[PDB]
Amino acid sequence: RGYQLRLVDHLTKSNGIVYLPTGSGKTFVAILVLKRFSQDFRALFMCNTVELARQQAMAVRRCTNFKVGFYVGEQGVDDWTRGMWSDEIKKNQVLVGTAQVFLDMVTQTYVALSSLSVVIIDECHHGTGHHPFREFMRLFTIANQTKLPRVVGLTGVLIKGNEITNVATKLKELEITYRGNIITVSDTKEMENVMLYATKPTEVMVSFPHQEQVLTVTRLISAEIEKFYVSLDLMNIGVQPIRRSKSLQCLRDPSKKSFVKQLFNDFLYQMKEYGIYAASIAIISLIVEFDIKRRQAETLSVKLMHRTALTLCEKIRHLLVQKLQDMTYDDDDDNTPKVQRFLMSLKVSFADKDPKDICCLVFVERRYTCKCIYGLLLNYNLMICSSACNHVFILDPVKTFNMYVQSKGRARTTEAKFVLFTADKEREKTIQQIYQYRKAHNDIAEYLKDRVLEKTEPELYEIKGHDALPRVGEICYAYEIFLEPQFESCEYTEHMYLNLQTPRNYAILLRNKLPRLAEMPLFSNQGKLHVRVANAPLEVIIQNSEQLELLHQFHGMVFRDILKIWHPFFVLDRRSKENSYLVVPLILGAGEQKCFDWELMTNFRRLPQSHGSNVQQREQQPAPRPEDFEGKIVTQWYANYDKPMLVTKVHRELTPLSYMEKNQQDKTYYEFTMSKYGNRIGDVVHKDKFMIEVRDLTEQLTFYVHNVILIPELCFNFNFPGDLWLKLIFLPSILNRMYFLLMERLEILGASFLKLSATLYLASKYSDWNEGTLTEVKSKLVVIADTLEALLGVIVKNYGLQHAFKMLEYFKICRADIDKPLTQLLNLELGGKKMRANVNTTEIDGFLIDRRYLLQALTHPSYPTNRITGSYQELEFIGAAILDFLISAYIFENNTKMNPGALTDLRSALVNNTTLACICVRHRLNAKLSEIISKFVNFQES
């Protein structure tokens with residue numbers, strides 16, 4: 001700020017003492033003078049308190065870290081005897097240590113003041129007499145009149161002398177002991193801006209009249225306390241420290257002399273409890289009305305009767321009851337002048353001269369004063385605060401006015417600020433003497449600064465001394481589709497039905513050529529299935545409508561009468577595509593050769609046994625047929641017919657009149673049907689018809705994902721085999737991987753990589769261009785986009801890294817001008833500014849006392865395009881999507897074992913600023929920006 005530059009201007013030319021108020025950044029002004037002293041040519045930082053030395057050493061080491069200098073300090077843990085200073089002060093240029101460590105080392109001569117170039121002593125006004133700051137200054141006095149270190153110091157106040165003119169000699173004597181020059185650092189033209197940074201409310205002492213009468217209630221309470229003080233040996237009565245001494249005497253009662261404190265142990269315990277109630281009532285009688293003090297003692301006396309009622313407490317309650325008649329008449333006299341002044345000042349502040357609605361809490365002298373003051377306002381926003389104090393009004397506070405407030409306050413009608421008001425003359429005289437000493441110190445400093453440099457130098461020296469798109473014509477291209485089972489685990493130990501177990505296969509006749517179309521995994525009840533696509537035959541054609549329409553109507557009938565579904569395409573929308581009419585089966589001839597047979601398509605579609613059954617009458621009774629029941633499915637000709645079933649084997653011992661598999665019908669299979677729907681027994685009249693094992697083909701709807709005894713009498717023999725119809729119903733489930741042709745980690749990674757292409761190349765083209773105008777034309781120039789970027793990442797694994805990235809920008813995006821830079825990038829205007837190297841830029845910025853790339857990387861966005869670098873905004877968005885796409889691409893192989901839903905929670909060290917800034921501190925390496933960040937760094941260090 002402007003106040004720190006003016007105060008440090010006199011310290012750079014010669015020695016001087018900096019006088020500034022607390023909170024003005026006096027330590028920051030010393031750091032600026034230390035950087036100017038090292039540029040034009042060892043520093044010593046003295047601290048009075050050990051607690052303040054740790055904060056000054058950490059702040060000096062943080063600023064000297066970027067300077068590439070050695071910053072160390074000695075708190076007294078490292079001490080050694082040698083002919084000079086230890087390795088801490090010798091190796092490090094800046095040494096921050098207490099004055100006691102330097103004074104202890106001055107007894108036996110080791111290091112001399114000539115080693116350090118400058119010495120900064122915090123709070124140089126306190127050092128005097130036998131203090132260590134005056135002892136180290138006395139050694140410099142014997143070393144004076146020669147080359148020595150430059151003295152420097154900063155303090156809140158100079159000194160306070162007698163009257164005015166005599167006080168000016170005290171300020172000159174303090175500067176003569178510290179060897180200060182005639183230049184005194186003080187805020188003059190910067191006082192306007194210095195007052196705006198730190199607002200100090202003025203101290204307004206409001207005296208209130210104290211009642212000379214009516215105080216006999218306090219004297220009677222003191223007389224009653226004096227009677228109890230005879231047994232307790234004058235504990236205390238009616239004092240502010242008595243409240244603190246009561247808590248100190250409570251812990252001091254135990255662990256004392258055996259015989260001496262034996263009787264005083266339990267005596268002082270009951271006396272301190274009753275004495276604190278009388279001391280609190282005495283303080284409440286002065287601050288508030290006497291009626292509140294008598295009510296507090298009456299409630300405490302009633303609680304003593306319900307207590308254990310000790311022999312010492314019974315006499316104290318009986319003594320107070322004799323004086324209760326006189327104390328009750330004192331509170332009944334109204335039917336304190338200090339409380340009237342507090343109510344008048346609080347009412348005038350809310351009325352006018354200040355905000356109408358504001359938070360104003362009066363400071364209570366104790367916990368009992370808050371409840372007493374609350375009842376006075378209701379009997380005649382506002383609150384009674386205690387613990388500390390609050391803003392604005394404070395009732396009879398005893399404390400340092402500057403240290404207690406430490407904030408602003410409300411206002412009243414007057415020329416003044418908010419402060420405490422006490423009726424005692426000793427409290428008002430202390431605030432008046434401190435204000436008069438501060439005004440006299442500022443007047444003595446202004447009179448001393450107005451003197452000539454030659455006159456003040458001789459005065460200090462004398463004191464120091466003595467719709468249809470077939471795409472092709474009518475032709476038959478036979479594509480053999482190989483479908484065979486592999487293996488699986490069968491718990492039921494059922495037989496494995498495979499399409500390769502029968503000679504008849506399934507071919508594909510279409511007007512389109514044959515793509516590669518490798519196999520795909522599948523599963524079923526019999527085992528895993530695989531479908532291979534190739535063409536055994538070729539150059540085939542049908543003849544007119546004979547062979548052509550034979551596979552047509554057979555395919556049209558297989559649509560509804562086989563799958564039996566309303567929508568085969570599952571609610572199609574556009575209803576169009578590359579036209580492939582149907583695939584036709586091919587029956588295998590002699591050997592492994594399969595020719596074109598049109599009789600198989602017409603026989604399967606015209607078979608009535610596929611769905612509709614028959615009715616067995618007395619004219620025709622079906623006989624047992626073990627040869628016809630081998631591979632043929634069975635149905636229900638009478639009742640309960642929904643899904644048919646294939647008969648695997650025939651059982652000669654099992655008959656409709658034999659033992660049933662259920663206990664319902666005893667030893668009869670057909671008795672269960674006659675007792676339910678009234679059906680006949682064993683179809684018509686046929687008992688001897690053998691039974692069979694029915695196997696239902698019903699399974700799950702979608703076959704892509706993995707996963708009963710009838711009789712030949714009542715069942716009709718189907719013409720369709722069991723194994724031939726297994727692969728015919730799997731066509732709808734295989735369409736998932738059939739229609740289309742060509743993970744989620746590259747999806748989100750491609751979104752950051754798409755923005756990284758514009759961040760890398762485009763932002764590195766023109767560095768001086770603003771961030772607003774750079775993304776304006778790149779945005780409008782152009783979920784589903786992340787899927788297209790995932791395919792570009794897979795293409796980068798089969799070629800070079802820039803291979804797929806090249807065509808990725810050309811194919812999807814256009815960007816005629818931006819596509820050329822997308823190949824390679826370079827450095828920003830930072831390295832282009834200075835044509836030599838970053839060493840030339842190190843002369844203006846002494847932060848450097850590769851360095852070329854770190855120039856723009858360490859640039860602050862605060863400065864509006866200064867000479868240190870162009871800006872950090874060009875590299876901010878650059879590395880933004882860069883590191884985002886780089887961390888996502890490296891985590892694609894590591895997180896591949898997870899799913900997009902689970903891996904989305906926390907993946908690859910999330911960029912949240914909590915762990916971000918903490919990663920730099922884990923390597924052991926505006927004023928508002930240094931405030932919240934400093935408090936957050938201390939809490940995150942755990």
# chains A, B, ... in the order shown; residues from 1 in each chain; ligands from 1
$ residues_around --residues "residue 402 in chain A" --least-positions-apart "3" --cutoff "9 Å" --atoms "only C-alpha atoms" --output "ChimeraX atom specification"
/A:200-201,203,399,405-407
$ residues_around --residues "residue 710 in chain A" --least-positions-apart "2" --cutoff "8 Å" --atoms "only C-alpha atoms" --output "list in words"
residues 691, 692, 693, 694, 708, 712 and 715 of chain A
$ select_by_dssp --residues "range 512-687 of chain A" --states "alpha helix (DSSP H)" --output "list in words"
residues 546, 547, 548, 549, 550, 551, 552, 553, 554, 555, 556, 557, 558, 599, 600, 601, 602, 603, 604, 605, 671, 672, 673 and 674 of chain A
$ atom_distance --atom1 "CA of residue 237 in chain A" --atom2 "CA of residue 205 in chain A"
27.2 Å
$ closest_residue --among "A:170, A:371, A:294, A:210" --to "residue 336 in chain A" --atoms "only C-alpha atoms"
A:210
$ residues_around --residues "residue 305 in chain A" --least-positions-apart "5" --cutoff "10 Å" --atoms "only C-alpha atoms" --output "JSON list (two decimals) with N, CA, C and O atoms, in the first residue's frame"
[["chain", "number", "residue", "atom", "x", "y", "z"],
["A", 300, "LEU", "N", -30.77, -17.33, 46.36],
["A", 300, "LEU", "CA", -29.67, -18.15, 46.85],
["A", 300, "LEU", "C", -29.88, -18.59, 48.29],
["A", 300, "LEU", "O", -29.46, -19.69, 48.67],
["A", 310, "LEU", "N", -25.52, -27.14, 56.26],
["A", 310, "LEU", "CA", -24.39, -27.33, 57.15],
["A", 310, "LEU", "C", -24.47, -26.38, 58.34],
["A", 310, "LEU", "O", -25.17, -25.36, 58.31],
["A", 313, "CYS", "N", -23.36, -23.04, 57.27],
["A", 313, "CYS", "CA", -24.30, -22.38, 56.38],
["A", 313, "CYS", "C", -25.58, -21.97, 57.09],
["A", 313, "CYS", "O", -26.23, -21.00, 56.68],
["A", 314, "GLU", "N", -25.96, -22.68, 58.16],
["A", 314, "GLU", "CA", -27.16, -22.31, 58.90],
["A", 314, "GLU", "C", -26.96, -21.00, 59.65],
["A", 314, "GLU", "O", -27.90, -20.19, 59.77],
["A", 317, "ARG", "N", -27.08, -18.09, 57.05],
["A", 317, "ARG", "CA", -28.44, -17.77, 56.62],
["A", 317, "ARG", "C", -29.23, -17.08, 57.73],
["A", 317, "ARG", "O", -30.10, -16.26, 57.45]]
$ residues_around --residues "residue 899 in chain A" --least-positions-apart "5" --cutoff "12 Å" --atoms "only C-alpha atoms" --output "VMD selection string"
chain A and resid 743 to 745 892 894 904 to 905 907
$ write_last_selection --atoms "N, CA and C atoms" --output "mmCIF file, in the first residue's frame"
data_model
loop_
_atom_site.group_PDB
_atom_site.id
_atom_site.type_symbol
_atom_site.label_atom_id
_atom_site.label_comp_id
_atom_site.auth_asym_id
_atom_site.auth_seq_id
_atom_site.Cartn_x
_atom_site.Cartn_y
_atom_site.Cartn_z
ATOM 1 N N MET A 743 -14.253 -47.925 -24.327
ATOM 2 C CA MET A 743 -15.450 -47.955 -23.495
ATOM 3 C C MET A 743 -15.879 -46.544 -23.106
ATOM 4 N N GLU A 744 -16.561 -46.430 -21.965
ATOM 5 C CA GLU A 744 -17.022 -45.137 -21.480
ATOM 6 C C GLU A 744 -15.905 -44.294 -20.879
ATOM 7 N N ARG A 745 -14.722 -44.872 -20.658
ATOM 8 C CA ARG A 745 -13.613 -44.096 -20.111
ATOM 9 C C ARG A 745 -13.083 -43.097 -21.132
ATOM 10 N N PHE A 892 -7.834 -44.652 -17.943
ATOM 11 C CA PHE A 892 -8.717 -45.506 -18.731
ATOM 12 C C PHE A 892 -8.294 -46.967 -18.643
ATOM 13 N N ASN A 894 -6.387 -48.184 -16.120
ATOM 14 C CA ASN A 894 -6.387 -48.584 -14.717
ATOM 15 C C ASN A 894 -7.800 -48.826 -14.198
ATOM 16 N N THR A 904 -17.425 -43.462 -11.689
ATOM 17 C CA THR A 904 -17.719 -42.037 -11.765
ATOM 18 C C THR A 904 -17.648 -41.334 -10.416
ATOM 19 N N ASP A 905 -17.800 -42.065 -9.311
ATOM 20 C CA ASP A 905 -17.761 -41.473 -7.978
ATOM 21 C C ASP A 905 -16.442 -40.751 -7.723
ATOM 22 N N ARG A 907 -12.459 -40.939 -9.239
ATOM 23 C CA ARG A 907 -11.578 -41.520 -10.248
ATOM 24 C C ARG A 907 -10.334 -40.656 -10.399
#
$ residues_around --residues "residue 368 in chain A" --least-positions-apart "6" --cutoff "10 Å" --atoms "only C-alpha atoms" --output "ChimeraX atom specification"
/A:277,280-281,283-284,292-293,296,386
